[PDB]
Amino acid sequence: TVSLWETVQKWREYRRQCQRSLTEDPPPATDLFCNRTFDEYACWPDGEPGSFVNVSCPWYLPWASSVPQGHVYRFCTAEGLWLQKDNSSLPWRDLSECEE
């Protein structure tokens, strides 16, 4: 099976690549975009207002080859703010395609 330490190593490389992307990717066409971020699980780019933002299932997942075409989703509202889950401070997120 896939070990914890191999998954941790892959996660650190994913985080490191994401932080390079966050710092170096050119800015969006307007601050009306939702802002790029790393939520500890996936790397989110800038989001167009009023549309869904999809990112490939994180490639460090132990079962990554079980979901090679899956996507995790956020929604960027018309206000340029990530859609939030009520009863929490966290943005709404659909990861169902990246489950085991």
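In this text, residue numbers run from 1 along the sequence as written. Each form is matched to the other, and the largest set of C-alpha atoms that superpose within 1.5 Å is called the rigid core.
Visitor: After a core fit, does 88-96 or 7-15 show the bigger CA gap to the shown form in 8 other deposited structures of this protein?
Guide: Greater root mean square C-alpha distance in 8 other deposited structures of this protein: 88-96.
Visitor: Taking the root mean square of C-alpha distances over all structures and residues in 8 other deposited structures of this protein, with a rigid core superposition, name the larger of 23-31 and 42-50.
Guide: This comes out as 23-31, the stretch further from the shown form in 8 other deposited structures of this protein.
Visitor: Please compare 88-96 with 14-22 and name the stretch with the higher mean C-alpha B-factor in the deposited structure.
Guide: The deposited B-factors put 88-96 ahead on the C-alpha mean.
Visitor: Which has higher Cα B-factors on average according to the PDB entry: 44-52 or 62-70?
Guide: Per the deposited B-factors, the answer is 62-70.
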